[PDB]
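Text of input-v7.cif, listed as mmCIF, C-alpha atoms:
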```
data_upload
loop_
_atom_site.label_atom_id
_atom_site.label_comp_id
_atom_site.auth_asym_id
_atom_site.auth_seq_id
_atom_site.Cartn_x
_atom_site.Cartn_y
_atom_site.Cartn_z
CA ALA A 1 -41.56 27.19 4.98
CA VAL A 2 -37.79 26.42 5.19
CA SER A 3 -36.12 24.92 2.08
CA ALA A 4 -32.46 25.34 0.91
CA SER A 5 -30.49 25.94 4.18
CA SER A 6 -32.42 23.10 5.93
CA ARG A 7 -31.37 20.42 3.38
CA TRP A 8 -27.68 21.45 3.80
CA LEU A 9 -27.94 21.36 7.63
CA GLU A 10 -29.58 17.90 7.08
CA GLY A 11 -26.77 17.06 4.58
CA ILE A 12 -23.94 17.60 7.16
CA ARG A 13 -26.10 15.60 9.69
CA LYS A 14 -26.58 12.78 7.10
CA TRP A 15 -22.85 12.87 6.09
CA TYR A 16 -21.77 12.53 9.77
CA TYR A 17 -24.37 9.75 10.31
CA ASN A 18 -22.70 7.71 7.52
CA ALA A 19 -19.14 8.48 8.73
CA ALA A 20 -20.17 7.45 12.32
CA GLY A 21 -20.85 3.98 10.86
CA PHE A 22 -23.08 2.35 13.59
CA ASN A 23 -25.59 1.87 10.79
CA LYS A 24 -23.11 -0.59 9.11
CA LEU A 25 -23.72 -2.82 12.19
CA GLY A 26 -27.53 -2.27 12.06
CA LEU A 27 -27.48 -0.02 15.10
CA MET A 28 -29.84 2.80 15.65
CA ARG A 29 -28.46 6.03 17.26
CA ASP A 30 -30.17 5.24 20.61
CA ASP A 31 -28.49 1.76 20.77
CA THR A 32 -25.05 3.48 21.00
CA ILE A 33 -25.80 5.80 23.98
CA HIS A 34 -23.52 5.57 27.06
CA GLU A 35 -25.42 3.92 29.96
CA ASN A 36 -25.42 6.40 32.79
CA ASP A 37 -28.18 6.31 35.55
CA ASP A 38 -30.58 8.46 33.46
CA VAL A 39 -30.07 6.08 30.50
CA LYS A 40 -30.41 2.85 32.53
CA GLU A 41 -33.76 4.16 33.82
CA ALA A 42 -34.89 5.00 30.25
CA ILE A 43 -34.06 1.34 29.15
CA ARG A 44 -36.04 0.04 32.17
CA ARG A 45 -39.13 2.11 31.15
CA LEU A 46 -39.09 0.83 27.48
CA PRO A 47 -42.11 -1.28 26.38
CA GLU A 48 -41.64 -5.00 25.77
CA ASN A 49 -41.35 -4.78 21.93
CA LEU A 50 -38.76 -1.97 21.96
CA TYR A 51 -36.67 -3.48 24.77
CA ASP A 52 -36.35 -6.83 22.93
CA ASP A 53 -35.61 -5.16 19.53
CA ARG A 54 -32.87 -3.11 21.28
CA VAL A 55 -31.19 -6.28 22.65
CA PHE A 56 -31.26 -8.12 19.33
CA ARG A 57 -29.74 -5.05 17.63
CA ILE A 58 -26.89 -4.87 20.24
CA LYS A 59 -26.29 -8.71 20.00
CA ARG A 60 -26.15 -8.63 16.22
CA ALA A 61 -23.68 -5.67 16.43
CA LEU A 62 -21.41 -7.26 19.06
CA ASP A 63 -21.43 -10.45 16.94
CA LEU A 64 -20.31 -8.40 13.90
CA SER A 65 -17.67 -6.49 15.94
CA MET A 66 -16.18 -9.88 17.12
CA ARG A 67 -15.94 -11.06 13.43
CA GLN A 68 -14.77 -7.54 12.43
CA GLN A 69 -17.51 -7.61 9.78
CA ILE A 70 -20.38 -5.30 8.78
CA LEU A 71 -23.88 -5.85 7.33
CA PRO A 72 -24.57 -5.88 3.51
CA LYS A 73 -25.34 -2.27 2.32
CA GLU A 74 -29.06 -3.24 1.78
CA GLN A 75 -29.39 -3.84 5.55
CA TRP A 76 -27.67 -0.65 6.92
CA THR A 77 -29.97 1.65 8.90
CA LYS A 78 -30.99 4.60 6.81
CA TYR A 79 -30.67 8.05 8.52
CA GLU A 80 -34.30 8.84 7.46
CA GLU A 81 -35.51 5.50 9.00
CA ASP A 82 -33.56 5.97 12.30
CA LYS A 83 -36.13 5.82 15.15
CA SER A 84 -35.30 7.94 18.20
CA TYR A 85 -37.19 5.44 20.42
CA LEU A 86 -35.29 6.18 23.71
CA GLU A 87 -35.22 10.04 23.52
CA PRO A 88 -38.81 10.72 24.95
CA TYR A 89 -38.16 8.18 27.82
CA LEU A 90 -34.75 9.76 28.49
CA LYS A 91 -36.08 13.34 28.30
CA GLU A 92 -38.74 12.51 30.93
CA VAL A 93 -36.12 10.80 33.20
CA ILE A 94 -33.93 13.99 32.92
CA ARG A 95 -36.99 16.21 33.69
CA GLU A 96 -37.72 14.10 36.84
CA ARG A 97 -34.10 14.32 38.11
CA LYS A 98 -34.02 18.11 37.54
CA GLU A 99 -37.22 18.67 39.61
CA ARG A 100 -35.69 16.61 42.53
CA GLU A 101 -32.55 18.79 42.17
CA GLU A 102 -34.63 22.02 42.36
CA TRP A 103 -36.49 20.75 45.48
CA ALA A 104 -33.08 19.87 47.03
CA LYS A 105 -31.97 23.55 46.48
CA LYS A 106 -34.70 25.20 48.60
CA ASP B 1 -45.35 -53.33 -5.88
CA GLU B 2 -43.64 -51.49 -8.81
CA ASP B 3 -40.74 -49.11 -9.72
CA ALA B 4 -39.24 -46.16 -7.78
CA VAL B 5 -38.74 -47.06 -4.15
CA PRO B 6 -36.08 -45.46 -1.96
CA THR B 7 -34.45 -47.27 0.93
CA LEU B 8 -33.46 -44.94 3.83
CA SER B 9 -30.25 -42.97 3.29
CA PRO B 10 -28.06 -42.77 6.51
CA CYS B 11 -28.43 -39.59 8.58
CA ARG B 12 -25.31 -37.64 9.46
CA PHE B 13 -25.05 -36.65 13.12
CA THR B 14 -23.50 -33.25 13.92
CA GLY B 15 -21.99 -32.14 17.20
CA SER B 16 -23.81 -28.83 17.54
CA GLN B 17 -25.89 -26.48 19.77
CA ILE B 18 -29.25 -24.73 19.44
CA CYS B 19 -29.98 -22.07 22.13
CA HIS B 20 -33.53 -20.63 22.23
CA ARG B 21 -33.02 -17.97 24.89
CA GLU B 22 -36.39 -16.99 26.45
CA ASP B 23 -36.20 -15.28 29.89
CA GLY B 24 -39.99 -14.91 30.09
CA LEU B 25 -40.22 -18.65 30.70
CA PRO B 26 -39.96 -19.76 34.38
CA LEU B 27 -37.76 -22.90 33.93
CA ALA B 28 -34.95 -23.95 31.56
CA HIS B 29 -35.18 -27.10 29.41
CA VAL B 30 -31.90 -28.72 28.29
CA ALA B 31 -31.49 -31.90 26.16
CA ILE B 32 -28.07 -33.36 25.40
CA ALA B 33 -27.22 -36.42 23.29
CA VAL B 34 -24.33 -38.23 21.62
CA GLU B 35 -24.82 -40.42 18.50
CA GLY B 36 -26.50 -43.68 19.41
CA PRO B 37 -26.28 -46.72 17.11
CA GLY B 38 -29.41 -48.11 15.40
CA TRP B 39 -32.30 -50.34 16.52
CA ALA B 40 -30.32 -53.39 15.25
CA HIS B 41 -27.14 -52.93 17.31
CA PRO B 42 -26.42 -55.35 20.28
CA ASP B 43 -24.89 -52.63 22.55
CA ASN B 44 -28.19 -50.82 23.01
CA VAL B 45 -28.69 -53.26 25.93
CA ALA B 46 -25.51 -52.21 27.86
CA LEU B 47 -26.26 -48.51 27.11
CA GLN B 48 -29.67 -49.02 28.72
CA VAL B 49 -28.07 -50.69 31.79
CA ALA B 50 -25.88 -47.54 32.03
CA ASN B 51 -28.86 -45.16 31.53
CA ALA B 52 -30.80 -46.97 34.29
CA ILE B 53 -27.81 -46.36 36.70
CA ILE B 54 -28.06 -42.59 36.01
CA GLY B 55 -31.86 -43.11 36.05
CA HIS B 56 -34.65 -40.56 36.12
CA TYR B 57 -35.74 -38.00 38.75
CA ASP B 58 -38.73 -35.81 39.53
CA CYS B 59 -39.45 -33.47 42.46
CA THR B 60 -42.40 -35.75 43.50
CA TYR B 61 -40.16 -38.84 44.17
CA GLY B 62 -39.83 -40.17 47.70
CA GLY B 63 -36.13 -40.17 48.60
CA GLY B 64 -34.05 -37.10 48.40
CA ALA B 65 -30.72 -38.08 49.77
CA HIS B 66 -31.11 -41.89 49.77
CA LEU B 67 -31.63 -42.56 46.03
CA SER B 68 -29.09 -44.95 44.46
CA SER B 69 -28.30 -42.81 41.37
CA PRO B 70 -25.63 -40.16 42.32
CA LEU B 71 -27.24 -37.70 39.82
CA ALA B 72 -30.71 -38.26 41.44
CA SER B 73 -29.28 -38.06 44.99
CA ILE B 74 -27.28 -34.80 44.48
CA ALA B 75 -30.09 -33.21 42.36
CA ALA B 76 -32.55 -33.85 45.21
CA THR B 77 -30.16 -32.78 48.04
CA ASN B 78 -28.85 -29.61 46.39
CA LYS B 79 -32.19 -28.71 44.68
CA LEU B 80 -30.60 -28.79 41.22
CA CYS B 81 -33.57 -29.99 39.35
CA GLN B 82 -37.28 -30.22 38.90
CA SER B 83 -36.79 -33.31 36.71
CA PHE B 84 -34.32 -35.27 34.59
CA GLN B 85 -34.52 -38.37 32.35
CA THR B 86 -32.06 -40.54 30.49
CA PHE B 87 -33.00 -41.58 26.96
CA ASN B 88 -31.82 -43.88 24.19
CA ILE B 89 -33.92 -42.94 21.13
CA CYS B 90 -33.23 -45.40 18.27
CA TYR B 91 -33.55 -44.95 14.52
CA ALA B 92 -32.27 -47.14 11.65
CA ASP B 93 -28.44 -47.05 11.94
CA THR B 94 -28.35 -43.97 14.24
CA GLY B 95 -29.71 -42.69 17.57
CA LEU B 96 -29.98 -40.06 20.27
CA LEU B 97 -28.33 -41.13 23.49
CA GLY B 98 -28.21 -38.92 26.54
CA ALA B 99 -30.34 -36.91 28.91
CA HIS B 100 -33.00 -34.19 29.31
CA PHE B 101 -33.50 -31.97 32.37
CA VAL B 102 -35.67 -29.11 33.68
CA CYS B 103 -34.29 -26.59 36.20
CA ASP B 104 -34.06 -23.06 37.57
CA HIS B 105 -31.84 -20.49 35.71
CA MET B 106 -29.12 -20.64 38.48
CA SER B 107 -28.85 -24.51 38.33
CA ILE B 108 -27.97 -25.35 34.66
CA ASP B 109 -24.17 -25.27 35.14
CA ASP B 110 -24.33 -27.60 38.22
CA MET B 111 -26.79 -30.00 36.49
CA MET B 112 -24.47 -30.33 33.44
CA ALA C 1 32.92 -6.16 24.46
CA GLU C 2 30.55 -9.09 23.73
CA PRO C 3 31.87 -12.72 24.41
CA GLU C 4 28.21 -13.94 24.21
CA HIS C 5 27.93 -12.83 20.47
CA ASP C 6 28.15 -16.36 18.98
CA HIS C 7 25.88 -18.07 21.58
CA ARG C 8 23.34 -15.17 21.30
CA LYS C 9 22.90 -15.81 17.54
CA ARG C 10 22.80 -19.66 17.78
CA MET C 11 20.00 -19.14 20.38
CA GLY C 12 18.55 -16.54 17.98
CA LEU C 13 18.20 -19.07 15.12
CA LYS C 14 16.75 -21.63 17.58
CA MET C 15 14.18 -19.03 18.74
CA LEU C 16 13.04 -18.05 15.18
CA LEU C 17 12.74 -21.73 14.11
CA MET C 18 10.70 -22.51 17.25
CA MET C 19 8.54 -19.41 16.86
CA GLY C 20 7.99 -20.38 13.20
CA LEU C 21 6.55 -23.66 14.51
CA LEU C 22 4.81 -22.38 17.67
CA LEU C 23 3.15 -19.18 16.39
CA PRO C 24 1.07 -20.92 13.58
CA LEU C 25 0.25 -23.85 15.95
CA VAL C 26 -0.99 -21.67 18.90
CA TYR C 27 -2.88 -19.62 16.27
CA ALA C 28 -4.51 -22.87 15.03
CA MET C 29 -5.40 -23.74 18.67
CA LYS C 30 -7.05 -20.31 19.20
CA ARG C 31 -8.84 -20.61 15.83
CA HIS C 32 -10.12 -24.11 16.86
CA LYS C 33 -11.69 -22.92 20.15
CA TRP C 34 -12.99 -19.66 18.63
CA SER C 35 -14.63 -21.53 15.65
CA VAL C 36 -17.82 -22.08 17.77
CA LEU C 37 -18.26 -18.30 17.93
CA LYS C 38 -16.92 -17.20 14.53
CA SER C 39 -19.45 -19.41 12.72
CA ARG C 40 -22.47 -18.90 15.08
CA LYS C 41 -25.84 -17.92 13.55
CA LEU C 42 -28.42 -15.70 15.27
CA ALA C 43 -32.16 -15.53 14.64
CA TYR C 44 -34.66 -13.20 16.25
CA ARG C 45 -38.11 -14.68 16.57
CA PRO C 46 -40.45 -12.23 18.51
CA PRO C 47 -44.24 -13.09 18.96
CA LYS C 48 -46.43 -11.76 16.03
#
```

As structure tokens, what does this structure read like?
Amino acid sequence: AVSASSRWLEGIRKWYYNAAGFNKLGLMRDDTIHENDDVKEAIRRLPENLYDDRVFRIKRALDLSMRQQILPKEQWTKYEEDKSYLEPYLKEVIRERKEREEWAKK
Amino acid sequence: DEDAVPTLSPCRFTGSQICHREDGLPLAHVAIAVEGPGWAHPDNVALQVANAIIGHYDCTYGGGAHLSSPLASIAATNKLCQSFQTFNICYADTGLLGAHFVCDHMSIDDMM
Amino acid sequence: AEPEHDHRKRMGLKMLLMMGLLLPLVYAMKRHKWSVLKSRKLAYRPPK
């Protein structure tokens, strides 16, 4: 259904994504997340392929940050191509903690 | 016999490091070498004398503590090692002179 | 007010001349050691 308002909402989201600039280092959104306990558990649950891809992406970014350089524009992560690979692991970890917290109430 | 031969061009040695990090693998392999001279060179003999002093080791040798080589003795006593070997690989006018070893992840720094 | 004025400035010249030597040289020392890192190449080689 939804057309004109949605693309503008997406436009501000896409604008901010580019201004954030983790994509200039080849980072995905989920690579940049602060490692709390919920997050560390989500990393631990990642499958082999995704875990190893995550590390290479961090390494390549820390390497760039040391040299104070960025990737060629060709190689920046496109907002449309940004895979929220951690989110469903993290969501489930949060859901598990919240159930424990409800049981601890009663 | 006939035209177009090459003789061997000399091969530049570079002080350098390659690090294939693979944590899935149960033991680390490290090889380290300086530039040897060639096949031809008289001081290959004295380098080999020296390499024999450092020697080789393996976890299936008799003699932990009592082995003559201080590398072999300490590697056995302190469990630093599954194996090491000295080498002097020779090519025309260049070589690889040093040592290879195989060890646990927590033992590389001590072995070096 | 300031008997040290003349000594202060002679020392001052001696400082700037020394710092003009020592700052580029210590910089060159830090650049030497850091070279190993600043020119490092990474490759990712996963199975399949």

Counting only C-alpha atoms, the residue among B:9, B:82, B:4, B:37 that lies closest to residue B:105 is B:82

Could you tell me which residues of chain C sit within 10 Å of chain B when counting only C-alpha atoms, and give me the result as a PyMOL selection string? chain C and resi 36+40-45

Closest to chain B among A:56, A:45, A:77, A:105, using all atoms listed in the file?
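Of the candidates, the smallest distance to chain B is held by A:56.
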
If you apply the PyMOL selection byres ((chain A) within 9 of (chain C)) to this file, what residues do you get, as a PyMOL selection string? chain A and resi 49+52-53+56+59-60+63+66-67

Q.
Using only C-alpha atoms, which protein or nucleic acid residues come within 12 Å of residue A:78? Drop anything in the same chain fewer than 3 positions from it, and give the result as a VMD selection string.
A. chain A and resid 14 to 15 17 to 18 21 to 29 73 to 75 81 to 83

Show me, as CSV, the residues of chain B having an atom within 12 Å of chain A, each with the closest atom pair and its distance in Å, using all atoms listed in the file.
```
residue,atom,partner,partner_atom,distance
B:21,CA,A:56,CA,11.4
B:22,CA,A:52,CA,10.8
B:23,CA,A:52,CA,10.9
B:24,CA,A:48,CA,10.9
```

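Atom CA of residue A:32 lies 19.8 Å from atom CA of residue A:12.
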
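From atom CA of residue C:25 back to atom CA of residue C:13, the distance works out to 18.6 Å.
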
Atom pair atom CA of residue B:31 + atom CA of residue B:75, distance 16.3 Å

Query raised in the report: the PyMOL selection byres ((chain B and resi 41) around 12) on the file shown: which residues, as a ChimeraX atom specification?
Result: /B:36-40,42-47,90-95

### Counting all atoms listed in the file, the residue of A:42, A:50, A:2, A:19 that sits nearest residue A:94
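Among the listed residues, the smallest separation from residue A:94 belongs to A:42.
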
On this structure, which residues satisfy the PyMOL selection byres ((chain B and resi 87) around 7), written as a VMD selection string? chain B and resid 85 to 86 88 to 89 97 to 99

Need the shell around residue A:46: protein/DNA/RNA residues with any atom at most 12 Å away, counting all atoms listed in the file. Skip same-chain ones fewer than 4 positions apart. Format as a PDB file with C-alpha atoms, in the coordinates of the input?
```
ATOM      1  CA  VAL A  39     -30.070   6.080  30.500  1.00  0.00           C
ATOM      2  CA  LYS A  40     -30.410   2.850  32.530  1.00  0.00           C
ATOM      3  CA  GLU A  41     -33.760   4.160  33.820  1.00  0.00           C
ATOM      4  CA  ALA A  42     -34.890   5.000  30.250  1.00  0.00           C
ATOM      5  CA  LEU A  50     -38.760  -1.970  21.960  1.00  0.00           C
ATOM      6  CA  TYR A  51     -36.670  -3.480  24.770  1.00  0.00           C
ATOM      7  CA  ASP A  52     -36.350  -6.830  22.930  1.00  0.00           C
ATOM      8  CA  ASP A  53     -35.610  -5.160  19.530  1.00  0.00           C
ATOM      9  CA  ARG A  54     -32.870  -3.110  21.280  1.00  0.00           C
ATOM     10  CA  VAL A  55     -31.190  -6.280  22.650  1.00  0.00           C
ATOM     11  CA  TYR A  85     -37.190   5.440  20.420  1.00  0.00           C
ATOM     12  CA  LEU A  86     -35.290   6.180  23.710  1.00  0.00           C
ATOM     13  CA  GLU A  87     -35.220  10.040  23.520  1.00  0.00           C
ATOM     14  CA  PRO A  88     -38.810  10.720  24.950  1.00  0.00           C
ATOM     15  CA  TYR A  89     -38.160   8.180  27.820  1.00  0.00           C
ATOM     16  CA  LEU A  90     -34.750   9.760  28.490  1.00  0.00           C
ATOM     17  CA  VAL A  93     -36.120  10.800  33.200  1.00  0.00           C
TER      18      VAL A  93
END
```
